[PDB]
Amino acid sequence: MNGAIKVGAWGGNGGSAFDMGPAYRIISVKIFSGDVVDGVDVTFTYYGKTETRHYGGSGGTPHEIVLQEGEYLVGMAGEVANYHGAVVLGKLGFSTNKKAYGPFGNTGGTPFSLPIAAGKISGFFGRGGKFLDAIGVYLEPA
């Protein structure tokens, strides 16, 4: 609605649905991972207030992407894995117009990939519980 374009989610159907909606500015993403992707922090701005939302569980090591001036998110990729009986993100990475980051996570399964030939990622939705069950993205022009 209101003109949104949402692609995904990739992953399983467990955990609880989340939807950040679209941001004015994503500032940074932290991807928490070990054997699989445990969760994500998204830090974003709105009217000069910086806020952080966490989705998924409390495990894993953090892997950060701090967006530089003129840097924006142009790809996402990973693997959907079966882990301990749950269908979750086993690996997750992102590309910007400047650099690739990751993927983070150590469990393979069914790959997915989202090259954005025109446009950028503008927000996130998905499912989280003990791990990051699923992830999807909002898109807008670049």
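Note that residue numbering begins at 1 and tracks the sequence as displayed. Definition used throughout: the rigid core is the maximal C-alpha set that superposes within 1.5 Å between two forms.
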Just give me the stretch that moves more in 6 other deposited structures of this protein: 96-104 or 48-56, judged by RMS C-alpha distance after a core fit.
48-56
So, in 6 other deposited structures of this protein, taking the root mean square over structures and residues of the Cα distances after a rigid core fit: is 116-124 or 21-29 the more displaced stretch?
21-29
Taking only the CA atoms, which stretch has the higher mean B-factor in the record, 1-9 or 131-139?
1-9
Taking the recorded C-alpha temperature factors, which stretch has the higher mean, 48-56 or 108-116?
48-56
Please work out which residue in 78, 70, 39, 75 has the highest C-alpha B-factor recorded for this crystal structure.
70
Once the chain's modelled residues are ordered by C-alpha B factor and cut into thirds, is residue 101 in the lowest, middle or highest one?
middle
Taking the chain's C-alpha temperature factors as the reference, tell me which third residue 126 falls into: lowest, middle or highest.
lowest
Would you mind checking where the Cα B-factor of residue 91 ranks among the modelled residues of its chain, as the lowest, middle or highest third?
lowest
